[PDB]
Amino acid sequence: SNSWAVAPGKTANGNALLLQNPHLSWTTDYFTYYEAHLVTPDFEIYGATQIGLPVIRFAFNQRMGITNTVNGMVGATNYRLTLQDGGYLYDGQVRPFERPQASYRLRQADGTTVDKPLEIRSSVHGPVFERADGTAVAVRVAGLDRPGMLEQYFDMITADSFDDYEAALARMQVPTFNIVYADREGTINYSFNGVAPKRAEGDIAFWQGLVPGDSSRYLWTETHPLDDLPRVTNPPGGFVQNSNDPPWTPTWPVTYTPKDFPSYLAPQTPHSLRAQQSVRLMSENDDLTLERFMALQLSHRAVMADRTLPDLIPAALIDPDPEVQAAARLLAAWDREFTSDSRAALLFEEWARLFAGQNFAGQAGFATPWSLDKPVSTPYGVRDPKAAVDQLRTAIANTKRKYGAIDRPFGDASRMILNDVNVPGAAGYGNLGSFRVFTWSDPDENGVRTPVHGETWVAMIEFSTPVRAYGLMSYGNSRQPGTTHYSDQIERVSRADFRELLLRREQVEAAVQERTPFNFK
């Protein structure tokens, strides 16, 4: 997911700009987004949210708006238990498990059900589970005493002022997520949100792995208040952003450093190339108009190529294999953009899969390692050119196996297909540097692949008076069997042809095609 908020001083018209851009599976049911608009005499909200949720997570109205991105807040701890004498060893003593005898029904293939017993055990940490390898693990989840998550979101998205917004956010009922805010007043804000347990020792890596379940030394009981978490409001740089990267470069120049917070709140790992792009796209541009803002969102640069081809190409041209030389010249002529007509992009991805691993996040292959001191220009270079050329040799074979050639048009293999609509793809993997994301699946027998995850709900809002906003939903607004609103937006997505989002009654009445009157009590 991506998120941008721009202050008035950085825009041409003096109105804050906001980008909602969550990235999630195109198939997982509970991750499906739905676009809607609610209006009553006392409030108005427009936006997307996961199906089943009664409140809009990605909302905006005439006054304010917010967006979210995953921060992976570590709000739970898995503890390795030491089983002994019918209980578990804790602080040198055997402690008893708390346990109720439950039961549930299991539907059989023939439609009937059978009753199955289920013993539920809990240690001081929390419910106990047993892994396949026999490890006994107790999971402790924070915020199980916070029943107001839905109302907090509701109060946040209908706040009459930034102060009211912060007051609601401060209730700490939303357990995770980075949240970005912007309003017509000109205020922008970034908050590393969630319910974080207060710990006396251990860094994030420690708390993410199996923690010793035999000592009260690791049993946390309190959580951090909002003021203890990384936050940024109206920074000197005039913008805030987050593309899932650790919260250390939310704006530029930065307003805090890792040393200002507990080491267990967030990782200090290398920022993805997409995240590096996010910071550059915002910091390097000024006098932004909504139009330009939207154009920048479509960025699909093969940043990884900029970091590696300078060293790879020369090294590859040394190889006597005519095929390797050809591949190098193909990669050399490439403008390093993930366009539909790119004939070098597929081959590059295949080389990158080997150079940086299947998820493209590997760091071992670079010559110069990532550094927080050069957050948007590292890592860089190829550490072992000779080994990298051998990887290219293998990549050439892999590209041919998957796509049938080393120079197949990116958009011929990469397609977005929903029902009977089949359109050319562009942009790609975020870890390769693409800001606009389409995590292409493995190809089929024809070498055709489609997005499994990526751009879903995409919207850009300018808080002028009245507000002006545009957006699109990759997989439509409905997934019910036979609906005509599942594949009806993907063609526009393939041309980056955004819909004007309609909030004003006059606009809605002009676009309405179906009316459902109703009543309730």
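The numbering used is simple: start at 1 and walk along the sequence shown.
Colleague: Output the stretch having the higher mean C-alpha B factor in the entry; the candidates are 128 to 136 and 421 to 429.
Modeller: Between 421 to 429 and 128 to 136, it is 128 to 136 that shows the higher mean C-alpha B-factor.
Colleague: Please compare 441 to 449 with 302 to 310 and name the stretch with the higher mean C-alpha B-factor in the deposited structure.
Modeller: 441 to 449 has the higher mean C-alpha B-factor.
Colleague: Sort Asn285, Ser123, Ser243, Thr112 by C-alpha B-factor from the entry and give me just the highest.
Modeller: Reading the PDB entry, the winner on C-alpha B-factor is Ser123.
Colleague: Looking at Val232, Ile204, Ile179, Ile396, which has the biggest Cα B factor in the entry?
Modeller: If I rank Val232, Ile204, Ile179, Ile396 by C-alpha B-factor, first place goes to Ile204.
Colleague: Place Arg499 in the lowest, middle or highest third of its chain's C-alpha B-factors, as listed in the PDB entry.
Modeller: Ranked within chain, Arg499 CA B lands in the middle tercile.
Colleague: Looking at the entry's B-factor column for C-alpha atoms only, identify whether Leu17 ranks in the lowest, middle or highest third of its chain.
Modeller: Lowest third of the chain for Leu17's C-alpha B-factor.
Colleague: Which third, lowest, middle or highest, does the CA B-factor of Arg199 fall in along this chain?
Modeller: CA B-factor rank for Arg199: highest third.
Colleague: Within this chain, which third does the Cα B-factor at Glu349 fall in: lowest, middle or highest?
Modeller: Tercile = lowest for this residue's CA B-factor.
Colleague: What third of the chain does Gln391 rank in for C-alpha temperature factor, lowest, middle or highest?
Modeller: It belongs to the lowest third of the chain when residues are ordered by C-alpha B-factor.
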